[PDB]
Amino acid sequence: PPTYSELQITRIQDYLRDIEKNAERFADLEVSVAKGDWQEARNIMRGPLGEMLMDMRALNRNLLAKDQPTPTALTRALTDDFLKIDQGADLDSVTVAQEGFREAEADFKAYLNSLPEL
């Protein structure tokens, strides 16, 4: 019956560190969106939070196959939530963008709660 290897465990630990460090910029994203500062909102999404998504995908690849569906689905969800923020920005609508933000925050919290016991 599959168990995590030391290598997987160490990689997970390192990717999760990076994910949680980059996740601090959710706050800056929310403020930029509230101000309709679309250029900074896109910079945040493309930069630190884009790195965060890359780190999530890398983490997910290191999970046991039985543990992969949920985190993977939620990473795709979060990717699409950022697109929703960008659709708000294109419409120059704070209101639409903040609905995307709320979905992104909920999906990211759900992603962390989906990670396995190692």
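A residue's number is simply how far along the shown sequence it sits, counting from 1.
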| item | value |
| --- | --- |
| Mean C-alpha temperature factor, higher of 72-80 and 42-50 | 42-50 |
| Higher-B stretch (mean Cα B-factor, as the entry records it), 54-62 or 84-92 | 84-92 |
| Third of the chain's Cα B-factor distribution that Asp67 belongs to, per the entry | middle |
| Chain-wide C-alpha B factor ranking for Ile9, given as lowest, middle or highest third | highest |
| Third assignment of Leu115 from its chain's C-alpha B-factors | middle |
